[PDB]
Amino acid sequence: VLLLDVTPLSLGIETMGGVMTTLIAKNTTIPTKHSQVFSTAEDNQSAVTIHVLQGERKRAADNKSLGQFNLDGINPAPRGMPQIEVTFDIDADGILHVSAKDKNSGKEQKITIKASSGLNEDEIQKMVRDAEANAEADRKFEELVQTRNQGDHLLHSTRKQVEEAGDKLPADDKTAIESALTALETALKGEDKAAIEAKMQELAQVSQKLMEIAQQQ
């Protein structure tokens, strides 16, 4: 062939933290279909927002919005348990179908995005150039997001484990862990990567007895 139809920019969705997660890589020949399984961020979460992005930037907000839609009817569950399968499917006509299906409930919702949506030839190059210009900035953002999700997981988890421990955990451990969790929660509210690791460290330091109890149960 003298010619190939290709994605000029990555395509994906916004994931927790405001980051663009790629489903279809830059430079993919179409037709193509890719899927990934995502989950909920909160206990009892009943819905998720699927926000479709075109571009190469790490902040969702710095990419082109192709549209968004909600999937609801998610059945009560602990966070991170529902399986929310997101499929990006580009046909021979270059139309994009983005679907999200709840494997438990069986509920499906979809957006269809025509081949002319998104960024024009100039902006694809503005985008490419900017992703290059801001590589260091974008990595640091992504590291901060990863750190904040880690802190959050530790926060949420430790709270559940304190609950499950009940009387097994001594007063003095409990008080120390709870103040570490307040400090952590305060830090998850900012954009200071080091402060978050500091508070995650304080928590690791005061949780030893809790971790034994949770492991034993």
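Start at 1 and count along the sequence shown; that's the residue number. Each form is matched to the other, and the largest set of C-alpha atoms that superpose within 1.5 Å is called the rigid core.
Stretch departing more from the displayed form, 101-109 or 142-150, Cα RMS in 9 other deposited structures of this protein (core fit):
Most displaced of the pair in 9 other deposited structures of this protein: 142-150.
Do the Cα atoms of 21-29 or of 200-208 sit farther, on average, from the shown structure in 9 other deposited structures of this protein when the rigid core is superposed?
It is 200-208 whose C-alphas lie farther from the shown form in 9 other deposited structures of this protein.
Averaging only over Cα atoms, indicate whether 79-87 or 116-124 has the higher B-factor in the PDB entry.
Comparing 79-87 with 116-124, the higher mean C-alpha B-factor belongs to 116-124.
If you take the mean CA temperature factor per stretch, which one wins between 127-135 and 69-77?
So the stretch with the higher mean C-alpha B-factor is 127-135.
Just the C-alpha B-factor column, please: which of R148, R59, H34, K168 has the biggest number?
When the deposited C-alpha B-factors of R148, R59, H34, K168 are compared, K168 is largest.
Tell me, please, which of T40, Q54, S179, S157 has the highest C-alpha B factor according to the deposited entry?
That would be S179.
Using only modelled residues of the chain, where does the Cα B factor of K189 rank: lowest third, middle third or highest third?
As the PDB entry reports it, the C-alpha B-factor of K189 lands in the highest third of its chain.
Among the modelled residues of this chain, does the Cα B factor of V98 put it in the lowest, middle or highest third?
Tercile = lowest for this residue's CA B-factor.
Divide the modelled residues of the chain into thirds by Cα B-factor and specify which third, lowest, middle or highest, holds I111.
Tercile = middle for this residue's CA B-factor.
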